[PDB]
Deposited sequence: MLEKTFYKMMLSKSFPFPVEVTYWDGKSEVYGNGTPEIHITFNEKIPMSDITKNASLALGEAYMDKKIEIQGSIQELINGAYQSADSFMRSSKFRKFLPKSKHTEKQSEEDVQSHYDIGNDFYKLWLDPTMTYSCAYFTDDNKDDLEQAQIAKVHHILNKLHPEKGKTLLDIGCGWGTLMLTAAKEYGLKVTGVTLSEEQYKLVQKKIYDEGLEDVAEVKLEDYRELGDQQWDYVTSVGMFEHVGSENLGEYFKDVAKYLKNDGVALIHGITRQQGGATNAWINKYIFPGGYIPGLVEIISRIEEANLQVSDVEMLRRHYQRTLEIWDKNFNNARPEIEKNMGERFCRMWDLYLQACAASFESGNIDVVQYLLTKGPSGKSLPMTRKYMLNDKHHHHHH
């Protein structure tokens, strides 16, 4: 095809030197210094494929072992996101389902099974379990929760937030999931302390819980799944379930530069998923008559979370490659490392919105000193 087109793409893609070996065996270094990353095309990827979606084209190529990489995938991608003219950023380049369940997740997530951003306190550099617990406290503290008040957790996962609210904050708690597997940890309420007077979980769609209202709403990792079109509706639902002057903590991946779907992620990991823009989200929040009372960005915390997940993934890769293919493992590793890079480069953020149904911060302390542990 075109060595010219490949040189244009690769030589403008990275803020550091990189070595490229092509399908005809020829090599070049782009940049000054000695390359820390070496990219090999075992096969030519058609220009026109790269031109319409580089993520999809290069991403499947990499999965197919038609591109190989020596050196950090994360650093490679982080590099691309720092360059306006790169295959990840330039508009010149933006014109399968695998069977996985709990056995898989068990191996690389912490004992808690939290598939969500963690929170690293300055004293904790890589204790993932400790950080997923700290995240739950970080969220709940923001509520300044009052003993005996009620909390709705929208998408309650394996119940870590729910149960911590009930056991440690004395909150009457309602959790909601559409996952049977997750619901069946109602067994924790019965076995834990028939925590039944202080906690229920419900196997239903949060979109219609009827006329009930809670003092607090939490929702971690839900709005990314909702889509642009229904984001307005999502915030109206949060508002609807809040009591007047009630407090929500809404937590989710948000893109400072404007919302986007990535074609590769959409095909392989999160079909339908969409990361909204910061402006977009604030608009949706205001349109539901919630007022923003605090906004916290936790970008670097997701970066670390995804790095540890990838470290764990690789450490258990022999096991995973036995059940799932080599192709699956490449895809998953690419996923975890590219996402880590997406946060590292500030292409994607994670944001905790403290919202009130009424004037900002009305039922809350005047200063944020209460928030931190």
property: Non-modelled portions of the deposited polymer sequence, in sequence order; result: 1, 97 to 113, 392 to 399
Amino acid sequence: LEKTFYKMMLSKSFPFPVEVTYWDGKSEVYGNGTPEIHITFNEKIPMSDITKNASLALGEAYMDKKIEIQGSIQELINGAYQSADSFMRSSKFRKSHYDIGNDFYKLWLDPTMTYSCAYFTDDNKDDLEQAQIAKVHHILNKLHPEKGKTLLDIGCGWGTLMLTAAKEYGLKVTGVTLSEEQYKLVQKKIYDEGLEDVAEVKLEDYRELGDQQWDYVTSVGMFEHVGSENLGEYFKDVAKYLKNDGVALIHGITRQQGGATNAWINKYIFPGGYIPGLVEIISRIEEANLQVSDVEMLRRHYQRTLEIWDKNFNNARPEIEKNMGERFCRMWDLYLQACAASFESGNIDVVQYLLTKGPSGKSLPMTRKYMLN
From here on, numbers count along this sequence of modelled residues.
query: Mean C-alpha temperature factor, higher of 242 to 250 and 276 to 284; finding: 242 to 250
query: Of 73 to 81 and 194 to 202, the one with larger mean CA B-factor; finding: 194 to 202
query: Most elevated Cα B-factor in the entry, residues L209, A260, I265, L109; finding: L209
query: Out of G227, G221, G170, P271, residue topping the C-alpha B-factor column of the entry; finding: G170
query: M324 CA temperature factor, ranked by third within the chain; finding: highest
query: Chain-relative CA temperature factor third for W214; finding: highest
query: Ranked C-alpha temperature factor of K135 among modelled chain residues, by third; finding: middle
query: Position of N289 among the chain's modelled residues by C-alpha B-factor, lowest, middle or highest third; finding: middle
query: Cα B factor band for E296 (lowest, middle or highest third within the chain); finding: lowest
